[PDB]
Amino acid sequence: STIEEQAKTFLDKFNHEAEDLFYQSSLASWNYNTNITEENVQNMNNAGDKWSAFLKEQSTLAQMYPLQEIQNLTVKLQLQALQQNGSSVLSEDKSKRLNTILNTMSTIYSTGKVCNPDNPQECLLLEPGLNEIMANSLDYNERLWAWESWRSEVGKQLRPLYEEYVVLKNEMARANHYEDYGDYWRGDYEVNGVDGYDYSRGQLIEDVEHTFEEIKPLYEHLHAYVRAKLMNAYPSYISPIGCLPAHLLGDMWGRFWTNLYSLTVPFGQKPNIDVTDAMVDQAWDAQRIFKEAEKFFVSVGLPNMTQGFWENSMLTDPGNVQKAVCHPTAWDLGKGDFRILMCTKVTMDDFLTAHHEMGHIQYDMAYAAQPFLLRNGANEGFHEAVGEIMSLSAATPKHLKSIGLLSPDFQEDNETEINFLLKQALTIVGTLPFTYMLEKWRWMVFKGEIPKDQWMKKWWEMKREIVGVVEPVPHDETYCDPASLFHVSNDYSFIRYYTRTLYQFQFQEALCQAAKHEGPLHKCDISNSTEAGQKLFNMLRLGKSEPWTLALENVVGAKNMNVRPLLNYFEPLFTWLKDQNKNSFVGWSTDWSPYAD
Amino acid sequence: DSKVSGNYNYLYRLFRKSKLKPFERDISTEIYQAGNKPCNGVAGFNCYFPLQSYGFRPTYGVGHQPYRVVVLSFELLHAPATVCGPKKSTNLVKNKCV
Ligand SMILES: *[C@@H]1O[C@H](CO)[C@@H](O[C@@H]2O[C@H](CO)[C@@H](O)[C@H](O)[C@H]2NC(C)=O)[C@H](O)[C@H]1NC(C)=O
Ligand SMILES: *[C@@H]1O[C@H](CO)[C@@H](O[C@@H]2O[C@H](CO)[C@@H](O)[C@H](O)[C@H]2NC(C)=O)[C@H](O)[C@H]1NC(C)=O
Ligand SMILES: *[C@@H]1O[C@H](CO)[C@@H](O[C@@H]2O[C@H](CO)[C@@H](O)[C@H](O)[C@H]2NC(C)=O)[C@H](O)[C@H]1NC(C)=O
Ligand SMILES: *[C@@H]1O[C@H](CO)[C@@H](O[C@@H]2O[C@H](CO)[C@@H](O)[C@H](O)[C@H]2NC(C)=O)[C@H](O)[C@H]1NC(C)=O
Ligand SMILES: *[C@@H]1O[C@H](CO)[C@@H](O[C@@H]2O[C@H](CO)[C@@H](O)[C@H](O)[C@H]2NC(C)=O)[C@H](O)[C@H]1NC(C)=O
Ligand SMILES: *[C@@H]1O[C@H](CO)[C@@H](O)[C@H](O)[C@H]1NC(C)=O
C-alpha cells in the first residue's frame, strides 16, 4: 500500500469526476457564448461554480498524500498540479480585499473616459475611439492629447490600487515558498528531477537577457529606419540622433509598430499579395475555407476533423438575432468534442485565421489521451507558436498559387519581398524590446529592487535605454503608466509573448529542414511533406507529460530557446536596412527629450 | 442509448481487489478500501464507491459514445444431437437409378 498506490487510486476517481464536471461546465459556457440570453448567463454560472467547488475540495483532499514518497513523475506531476494552494492561503479579510482591488482596477480600465478640453461633453472610452485616434491620426497635437489624457485621468487612478495589489500578491506568493510574485510567475518554466532537462526559475532571466542581446543589432537598424521615415511625417519634431516620441508609434502604448506601415513602406508603388477578390470571384464561402484548411492539415499526415466538428461548430455569424461573441476560438469541451467558434467573412485574414485555429484544434486532438491534468501545452508559449507557424506557412505565394487564388505564373520580385519582410518586422521585431522591458520592470518591482518612490523614474529610464522611446511630458510618482495597459491592470503575465516568438521560428526552421526547403526561410511551405508532420506530431502528443526542454528537443534538436532562427528569417531585410542606413546614425541618445528645448 | 443532459443509467466498476475470472459476474456494491484503515461502510478518505457511470450525451466523439455489444460463445461438452444450423434439401426424382 505504501503511499504511492493510494495516490494513483485517488487520481483515478479524480480523473473520472473531473472529466464529467468539466464537460458539463464547458457545454454551458459554449451554449452561452454562441447564444447570448439572460438565462444562459446563469445556466453557465451554476456550472462554473460547481466546477470550482469540486476543484477546491479535491485540492484540499490531495494534500494528504506527501509529495516526497511519490516516485512516478507522472503521478507526481499531477499531484503537484493539484496540491498548489494558489490563493486561499491568505486570511479571509485579505482575500476579500485582494479580489476587491482586482475588480476595481479592471472596472477602472474598462469604463474609463477622457474628454475634450474645449467641449467637456464629448467623452471617449479607450476601446471605441482612443485607440482609434492613436491608430489612424496623423496630427501631432491630437495624438499628444490622447496619449497624455489617458495616462493622466485613468492611469493616476490605478496607482494607489497597484501599490496595495503588489503587497497582497507578494504576501500570497511568500506563503507558498516563492520569495515574491514574480518568482511565482516564473515558476511555469521550472523542471525538477529529470537529470539533464532541469530548468531553474532564475535561469529564465538569464536566458531572456542573453537572447535579447542578439536582437539589438536588428532592432537598432529598424529603429533608425523608422526614425528617418518619421522625420518626414512630423518634420521639426524628431531628432536624427535621439529616441522616438512615445505618442507617434502607432497605438496607445507602442506595443506593435504595425500601424506605421503606410508611412514606412519601402516601395509604395508595389501592392503586396492580397487574394480577396479572387476568393469572392471564385464563389468561396465559409465552408470552402475550412475545407481547404483541413486539406492542408491532412496533407502533412495529420488526421481529418472529427465529424462532430462539422455539425456542432459555428462557422458563420448567426443571422436573425443570436447575439454571440464573434471572437475566433478553438474549443476543447472534452470527451472527444472539438469545436471552432468564429464568424468568418470571405477575406484573406479569415483564410489565415482558419489555419491558425485549426492548428489549436489539431494540438488538442493530439494529446487527448493524456490524463486530465496533463492536457495542455508544454508551457504557456507552445500552443500559440504551434498555431502561428500554420498561418506562416499558409500565406506564401507558393501555397496560394497551388490552391488557385493566384494566377498560375505570377512572377515574384524582390521589392514585394522586402515590403512583406518589413511589414512582418513591424509586428514581430518591434514588440520584443517592449515585452522584455515591461516584464523586467515588473520583475524588479515585485522583487523589491525598485522602491515605490522610484517606479516612474525607473520606468522611463528603462524605456529610454532598452526600448529607445522618450516621453513627451514628464511624469512624477503620481502616475502609473504600466497599469494603463490591459495585462498589467488585469493581472496577466507578459513573458509568454517573448518566448512564443522564439519558439515559433525555431519550429519553422526545424520543419523547413525536414521538408528539404532550399530558398530563404520566409518562402517555406511545409505542405505535402510527411516528415515535418511526424516531427510536429512527436511533440504535439506529449502535452505536459514531459519537461518543456524535452518537448522542444523533439522538434528542434536543442534544449533551450534560441534566437538565431529569427535572425535567419529576417536576414534579407537586415541586409537591406544595413544598406539603407549608410548616412543615418544607427542608435539613439538617452539625453534628448521633446520638451527640453 | 444517449440523451441530452446525460444518460446516467449505465454503470461500470472501476475499483476491485483482484481481477475477474473468465465469465465471472460481480454485482456487489461494498465500499472499496484503498488504505490500511477500515471505514465500515461509508465513503470518504481512502474509501470509494466502486461503481462509476457513463454520462452518455449525443455530442460526444466516437470512442466516448455508447456501443452495444453481443458476445456469442459456443459449447461442445458431450451431447449427441444439439442446436445446429439450417440446410436446404434437394428435389426427389423417380424412376432413375439415383
Ligand atoms: C437561444 O437561447 C434562447 C433562450 O435560452 C432560446 O429561446 C427559447 O429556447 C427554448 C428552449 O427549448 C425554446 O423552446 C423556445 O422556443 C425558444 N424561444 C425563442 C423565442 O427562440 C433559443 O432557442 C436559443 N437558440 C438556439 C439556436 O438554440
Ligand atoms: C508509473 O510509471 C510507469 C513507468 O515508470 C508507467 O508505466 C507506463 O504505463 C503506460 C500506461 O499505463 C504505458 O503506456 C507505458 O508503456 C508504461 N511505461 C513503461 C516504461 O512501462 C505508469 O503508467 C506510471 N503510473 C501511472 C499511474 O501512470
Ligand atoms: C497548502 O495550504 C495548507 C494550509 O491551507 C498548508 O498547510 C498544511 O496543510 C496540511 C493539510 O491540512 C497539514 O497537514 C499541514 O500540517 C499544514 N502545514 C504544513 C505542511 O506545514 C500546506 O502546506 C499548503 N501546501 C502547499 C503545497 O503549499
Ligand atoms: C501537393 O501535391 C498534390 C499532388 O501532386 C498537388 O496537386 C496536384 O498539383 C498539380 C500541379 O498543379 C496538378 O497538375 C494536379 O492536378 C494536382 N492534383 C490534385 C489531386 O490536386 C498539390 O498542388 C500539392 N500542394 C502544394 C501546396 O504544393
Ligand atoms: C532587386 O533585384 C534587382 C535585380 O537583381 C536589383 O537591381 C540591381 O541592383 C544592383 C545593386 O545596386 C544594381 O547594381 C543594378 O544596376 C540593379 N539592376 C538594374 C537593372 O538597375 C535591385 O537592387 C533589387 N532590389 C532590392 C530591394 O533588393
Ligand atoms: C478525410 O476525409 C475524406 C473525405 O472528405 C476522405 O476521403 C479521406 O480518406 C480522409 N482522410 C483521413 C486521413 O481520414
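Quick note: numbers on chain A are straight from Swiss-Prot, i.e. 19-615, in order.
The backbone N, Cα and C atoms fix where each Cβ goes, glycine too.
Taking the Cβ of A:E375 (active site, proton acceptor) as centre and 10 Å as the limit, one finds 22 other Cβ atoms among all the protein chains shown. Feature annotation from Swiss-Prot assigns active site, proton acceptor to A:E375; the stated evidence is sequence analysis.
The active site, proton donor annotation in Swiss-Prot covers A:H505. In sequence order, A:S511, A:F512 make up the list of same-chain residues 6 or more apart from A:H505 (active site, proton donor) whose Cβ falls under 8 Å from its Cβ.
According to Swiss-Prot, the feature chloride binding site maps to A:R169, A:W477, A:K481, an assignment based on experimental evidence. Secondary structure at A:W477 (chloride binding site), taken from DSSP and collapsed to helix, strand or coil, is helix. Sequence-distant neighbours of A:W477 (chloride binding site) (same chain, 6+ residues apart, CB-CB distance under 8 A): A:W459, A:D499, A:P500.
Secondary structure at A:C141 (disulfide bond), as computed by DSSP, is coil. The Cβ of A:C141 (disulfide bond) lies under 8 Å from the Cβ of A:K131, A:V132, A:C133, each on the same chain and at least six residues away in sequence. Annotation comment: Swiss-Prot describes A:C133-A:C141 (among others) as disulfide bond, evidence class experimental evidence.
Summarising the environment of A:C361 (disulfide bond), the number of other Cβ atoms within 10 Å of its Cβ, over all protein chains shown, is 16. According to Swiss-Prot, the feature disulfide bond maps to A:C344-A:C361 (among others), an assignment based on experimental evidence.
As annotated by Swiss-Prot, disulfide bond applies to A:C530-A:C542 (among others). Listed in sequence order, the residues of the same chain lying 6 or more apart from A:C542 (disulfide bond) and placing their CB within less than 8 Å of its CB are A:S411, A:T414, A:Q526, A:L529, A:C530, A:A533, A:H535. A:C542 (disulfide bond) carries neither a helix nor a strand DSSP state and counts as coil.
Marked as domain 'Peptidase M2' by Swiss-Prot: A:19-607.
Using a 10 Å Cβ-Cβ cutoff, A:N53 (N-linked glycosylation site) registers 14 neighbours. What Swiss-Prot lists as N-linked glycosylation site is A:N53 (among others).
Residues or ranges marked as N-linked glycosylation site by Swiss-Prot: A:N90 (among others). If you draw a 10 Å sphere around the CB of A:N90 (N-linked glycosylation site), it holds 12 other CB atoms from the protein chains shown. In this structure, A:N90 (N-linked glycosylation site) belongs to neither helix nor strand by DSSP; it is coil.
Listed in sequence order, A:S77, A:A193, A:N194 are the same-chain residues at least 6 apart in sequence whose CB falls under 8 Å from the CB of A:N103 (N-linked glycosylation site). The N-linked glycosylation site annotation in Swiss-Prot covers A:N103 (among others), and the record cites experimental evidence as its basis.
Annotation note: A:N322 (N-linked glycosylation site) sits in a coil segment as assigned by DSSP. Residues or ranges marked as N-linked glycosylation site by Swiss-Prot on the basis of a curator's inference: A:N322 (among others).
Per Swiss-Prot, the feature N-linked glycosylation site maps to A:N432 (among others); the stated evidence is experimental evidence. According to DSSP, A:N432 (N-linked glycosylation site) sits within a helical segment. A sphere of 10 angstroms centred on the C-beta of A:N432 (N-linked glycosylation site) encloses 10 other C-beta atoms.
Within its own chain, A:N546 (N-linked glycosylation site) has A:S317, A:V318 as residues 6 or more apart in sequence whose C-beta sits under 8 angstroms from its own. Residues or ranges marked as N-linked glycosylation site in Swiss-Prot: A:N546 (among others).
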Name the residues of the same chain, 6+ apart in sequence, whose Cβ is under 8 Å from the Cβ of A:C344 (disulfide bond)?
A:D335, A:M360, A:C361
Report the nearest neighbour of A:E375 (active site, proton acceptor) in space among the recorded positions A:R169, A:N432, A:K481, comparing Cα positions.
A:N432
Which one, from the disulfide-bonded residues A:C133, A:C530, has the smallest tally of other C-beta atoms lying within 10 Å of its C-beta?
A:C133
Integer Cα-Cα distance in angstrom, A:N90 (N-linked glycosylation site) to A:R169 (chloride binding site):
52
Of A:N53, A:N322, A:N432, the glycosylation sites lying within 10 angstroms (C-alpha) of A:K481 (chloride binding site) are none
Considering only the recorded positions A:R169, A:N322, A:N432, which residue has the minimal Cα-Cα separation from A:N53 (N-linked glycosylation site)?
A:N322
Within the set A:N53, A:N90, A:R169, A:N432, A:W477, which recorded positions show a CB-to-ligand 1 distance under 6 A?
A:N53
Could you state the whole-number distance in Å separating the C-alpha atoms of A:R169 (chloride binding site) and A:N322 (N-linked glycosylation site)?
49
Just report the maximum Cα pair distance in Å for the recorded chloride binders A:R169, A:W477, A:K481, no decimals.
16
